[PDB]
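Enquirer: Quick one: structure below, then a few questions.
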Amino acid sequence: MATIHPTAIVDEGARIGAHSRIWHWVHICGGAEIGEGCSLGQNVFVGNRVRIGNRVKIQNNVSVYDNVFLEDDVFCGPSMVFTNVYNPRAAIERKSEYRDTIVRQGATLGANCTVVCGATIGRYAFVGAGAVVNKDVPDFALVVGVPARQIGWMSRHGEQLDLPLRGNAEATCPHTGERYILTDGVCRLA
Amino acid sequence: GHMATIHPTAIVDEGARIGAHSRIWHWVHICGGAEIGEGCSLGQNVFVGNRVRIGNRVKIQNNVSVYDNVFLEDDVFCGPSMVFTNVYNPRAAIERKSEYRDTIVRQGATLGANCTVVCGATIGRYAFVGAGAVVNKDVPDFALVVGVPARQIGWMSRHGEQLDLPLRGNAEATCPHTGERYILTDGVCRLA
Amino acid sequence: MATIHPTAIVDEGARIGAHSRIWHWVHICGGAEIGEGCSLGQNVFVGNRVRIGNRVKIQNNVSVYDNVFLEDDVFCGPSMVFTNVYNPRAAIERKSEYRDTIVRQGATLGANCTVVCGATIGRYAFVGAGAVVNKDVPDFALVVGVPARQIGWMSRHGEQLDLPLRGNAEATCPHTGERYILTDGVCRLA
Ligand SMILES: CC(=O)SCCNC(=O)CCNC(=O)[C@H](O)C(C)(C)COP(=O)(O)OP(=O)(O)OC[C@H]1O[C@@H](n2cnc3c(N)ncnc32)[C@H](O)[C@@H]1OP(=O)(O)O
Ligand SMILES: CC(=O)SCCNC(=O)CCNC(=O)[C@H](O)C(C)(C)COP(=O)(O)OP(=O)(O)OC[C@H]1O[C@@H](n2cnc3c(N)ncnc32)[C@H](O)[C@@H]1OP(=O)(O)O
Ligand SMILES: CC(=O)SCCNC(=O)CCNC(=O)[C@H](O)C(C)(C)COP(=O)(O)OP(=O)(O)OC[C@H]1O[C@@H](n2cnc3c(N)ncnc32)[C@H](O)[C@@H]1OP(=O)(O)O
Ligand SMILES: O=c1ccn([C@@H]2O[C@H](COP(=O)(O)OP(=O)(O)O)[C@@H](O)[C@H]2O)c(=O)[nH]1
Ligand SMILES: O=c1ccn([C@@H]2O[C@H](COP(=O)(O)OP(=O)(O)O)[C@@H](O)[C@H]2O)c(=O)[nH]1
Ligand SMILES: O=c1ccn([C@@H]2O[C@H](COP(=O)(O)O)[C@@H](O)[C@H]2O)c(=O)[nH]1
Ligand code: NA
C-alpha cells in the first residue's frame, strides 16, 4: 500500500512495504526490497541487489546501488552518494568485484557525503555533511572531513556525548539522560 | 523557434508564483507554496519546496534542491549540484519539522558547484563559496570561503575576482574592472 | 544506433554512436557528440559544446556541460560535477569566458568529485571520491582531498604503483606486467 508518484518507475518484481512513499522520477529496479514507512525523494535510484529496512528516509538524488544494505531507521541526506566499485576503470567491468556497504540501524549519512564501498557504518553513527567515508565508522561515531575522521560521539537523539574518543568512560545523552559506556574506545548503550 | 518558458516535463504545483521571463528546465518540481521572482533560471531536476522565496535573476543550476526554509535574494547563483539542508542533526526516527533552521542567502552571493550549506547559516551579500566547500558557519558579505569545513581565505568583489584586502583590520581596495571602492572596517567589508 | 530509454530526451542533431546506452530521464542537447559503447546513467545532462569519446561510462547525476571534452575510456563516477565558468555571478553572463575541461583517455573521476574548469586531467589519472580538482592532474596521478593533492600513481588497471611520489623510478603492474617510468615526477608507460 506504498504510495508511488505517477512519474516514478517501479520495475516489476520490486517489493515496497506498506506506508512507504516514493516521490517524483524515482527508478526502483525489480530486485529491490524496501521496507515499511520508508520515504524516497525526487530522482532516487535503487538497484537490484539492495535491501532497505523499515522507516528509512532517503532524500533527493540518492543512488542506492547494488550491494548497498540499509538497516531500519537509516537517514540518507540530500544528495549523499554510495558506491560499489572501489577502483573503477571504464575499460574493465568490475561487477564481480563489488564491495558491500552496510549501514546499521539509526545511522545518519549527512547531506552530500560519500561512502567508499566496503565500509560498514555503525549503529547511530553520524557522518557530517560532505564527509568522505573510506573506513568503517564505529557505532555512535561522529565523523567529518575529506576523508572522514572521528571527532566525537553522537547519542541516538543526535547530540554529542561528553565522552573521550579512547579508553574507558561513561556519559549521558544531554537530552534523554540515557547512559552510554565506552570500553577500549568502543561506545555502546548501557 | 521561440524562447523557452517552462519545459513540458516540469511539474509546477498549483499555487506556485513564478515571475516573468523565468526559465524552468527538464523534470523540475516546484511545490505550491513557492515564490520565484523574475528572470530566474532553474536547471534540470531542480526541486523547490513550499516554504521558499527566491528573488529575481536567481540562477539555480542542475540538481539543486531548494528545500523548505531556504531563502534566496536577488542575483544569487547556486552552482551545479550544490546542496542545502533544513535540519541540523537529522535522525530518521525523530520528527524535526519543528526544529528546522532557516538558511538565508543574501544578494549576489555565489554558491560554488557541489558545495553544501548546513542549515542555519547566513550567506552574506556577494559572498563566494568555493566549489565543494562545506559551510557550517555564517559567511560575511564579500567573503571568499573554501574547504571542508569552509574557511575564509579572501574577499571577492561584486565582479567576482579577489580584492587586495587583508582578512582583518582596516583597509581599502578598488575593483580594477569597475573602479568600485571597498572599505574594510575591523574585518567587515562593504562597498563604499 | 544507441539504445535510448523512452523517458530520455535526445534533441535533434545529437550524435550518439553504436552500442551506447542512454538511461532514464537523461537530456542530451542537439550539438553533443558521443562515441560508441558509452553508458549515460539516470538524470545525466549533456550540453551542446561537448565531445565524449568511445566506451565512456557516465554514472547517475553527472552534468557534462559545454566545454567539457572526455576522451575514450573515461569513467565519471556517481554524481561527480563538472563546471565551465570559473567565477560565476548571476548578474554577469560568462558564456564568452568559459574555460575548457579536458579529461584524457582512461582517467577515472571518482564519485562526487568536482573539477574546477580549466583543468586537464591526465591519461589514466584517478581522482578520489569527493575530491575537488583545481589544478592539472598528471597522467596516472592519484589525487585526493579538498582541494585535490597527489598522493601516488595508478596503473591503467587501477591499483597503485610501487613508485615514489616524486623523483625518478620505475615500476611494473603485477596484473599485466606493463612497465611504467617515472622521470622528474612525470609517469608514463614505457
Ligand atoms: C556505481 C559506482 O559505484 S561506480 C564506481 C565509483 N567508485 C568510486 O568513486 C570509488 C573511488 N575510490 C576511492 O576514492 C578509493 O578511496 C581509492 C581508490 C582512491 C583508494 O585508493 P587506495 O590506493 O586503496 O588508497 P588507500 O585507501 O590506501 O588510501 C591512501 C590514503 O589516501 C586517503 N584516501 C583514499 N581515498 C580518499 C578519498 N577518496 N578522499 C580522501 N582521502 C582518501 C586514505 O584515507 C589514505 O590516507 P590516510 O592513511 O591518511 O587515511
Ligand atoms: C532536507 C534535509 O536537509 S535533510 C537533513 C540533512 N542535514 C544535514 O545533513 C546536516 C548535517 N549536519 C552537520 O554536518 C553538522 O555540522 C553536525 C551535526 C555534524 C554538527 O555537529 P555539532 O556537534 O554541532 O558540531 P560542531 O558544529 O560543534 O562542530 C565541531 C567541529 O566539527 C567541525 N564540523 C562540524 N560539521 C562539519 C562538517 N559537516 N564537515 C566538516 N567539519 C565539520 C566544526 O567546524 C568544528 O570544528 P572547528 O571548531 O575546527 O571549526
Ligand atoms: C555550469 C556551471 O559551471 S555554473 C559555474 C560553477 N562554477 C564553479 O562553481 C566554480 C567555482 N570556482 C572555484 O571554486 C574557484 O576555485 C575559485 C573562484 C574559488 C578560485 O578563486 P581564485 O581567487 O582564483 O583562487 P586561487 O585559485 O588563486 O586559489 C587560492 C587558494 O584557494 C584554494 N582554493 C581555490 N578554490 C578552492 C576550492 N574550491 N576548494 C578548496 N580550495 C580551493 C587554492 O588551492 C589556493 O590555495 P593553495 O595555494 O593553498 O593551494
Ligand atoms: O539550450 C538549453 C539551455 C539550458 N538548458 C537547461 O538549462 C540549464 C541552465 O543552463 P544555462 O546555464 O545556459 O541557463 P539559462 O540561463 O540559459 O536558462 C542547463 O543546465 C540545462 O538544464 C537546456 O537544456 N538547453
Ligand atoms: O538493469 C539496469 C542497468 C542499468 N540501469 C541504469 O544504468 C546506469 C548505469 O548502470 P551500469 O553501471 O550497470 O551501466 P551499463 O554499463 O550496464 O550501462 C544505472 O545507474 C541506472 O541508471 C538500470 O536502470 N537498470
Ligand atoms: O509535499 C511534499 C512532500 C515531499 N515531497 C517530496 O518528498 C521528499 C521528501 O520530503 P520529506 O518526506 O522529507 O518531507 C521531498 O524532497 C520531495 O521529494 C514533495 O514533493 N512534496
Ligand atoms: Na554532490
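We label chains A, B, ... in the order they appear in the C-alpha cells, count residues from 1 in each chain, and number ligands from 1 in the order shown.
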Find the residues around region 25-36 of chain A up to 7 Å (only C-alpha atoms counted), leave out those fewer than 3 positions away in its own chain, and share them as a count of residues only.
Expert: 29
Enquirer: Could you tell me which residues of chain C sit within 6 Å of chain B when counting only C-alpha atoms, and give me the result as a list in words?
Expert: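 Matching residues, ligands excluded from the count: residues 87, 90, 91 and 146 of chain C.
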Enquirer: I need the residues from that last selection saved to file as a short mmCIF file (atom, residue, chain, number, x, y, z; two decimals), in the first residue's frame (with N, CA, C and O atoms), if you can.
Expert:
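Below you can see again26.cif, which holds the result:
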data_model
loop_
_atom_site.label_atom_id
_atom_site.label_comp_id
_atom_site.auth_asym_id
_atom_site.auth_seq_id
_atom_site.Cartn_x
_atom_site.Cartn_y
_atom_site.Cartn_z
N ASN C 87 34.27 31.73 -12.11
CA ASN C 87 33.90 32.70 -11.08
C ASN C 87 32.48 33.21 -11.31
O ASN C 87 32.29 34.41 -11.61
N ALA C 90 25.56 35.67 -10.90
CA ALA C 90 24.29 35.61 -11.63
C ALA C 90 24.09 36.88 -12.46
O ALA C 90 23.39 36.80 -13.50
N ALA C 91 24.60 38.02 -12.02
CA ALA C 91 24.35 39.27 -12.79
C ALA C 91 25.21 39.37 -14.04
O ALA C 91 24.92 40.26 -14.85
N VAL C 146 40.19 18.03 -0.64
CA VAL C 146 39.62 19.33 -0.98
C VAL C 146 40.58 20.42 -0.52
O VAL C 146 40.65 20.72 0.69
#
Enquirer: Using only C-alpha atoms, select each residue of chain A with any atom at most 9 Å away from an atom of chain C, and give the selection as a list in words.
Expert: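 My answer is residues 25, 27, 43, 45, 61, 63, 79, 80, 81, 82, 83, 87, 88, 89, 90, 91, 92, 112, 113, 114, 115, 116, 130, 131, 132, 146 and 147 of chain A.
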Enquirer: Can you measure atom 5 (N, counted along the ligand's line) of ligand 4 to CA of residue 83 (chain B) for me? One decimal in Å is fine.
Expert: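 Separating atom 5 (N, counted along the ligand's line) of ligand 4 from CA of residue 83 (chain B) is a distance of 19.8 Å.
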Enquirer: What is the distance between CA of residue 1 (chain A) and CA of residue 86 (chain B), in Å to one decimal?
Expert: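 Taking CA of residue 1 (chain A) as the start and CA of residue 86 (chain B) as the end point, the length is 28.9 Å.
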Enquirer: For residue 153 (chain A), find every residue with an atom within 12 Å (counting only C-alpha atoms), except residues of its own chain fewer than 4 positions away, and show them as an MDAnalysis selection string.
Expert: chainID A and resid 122:128 137:144 149 157:166 170:173 180:182 185:189
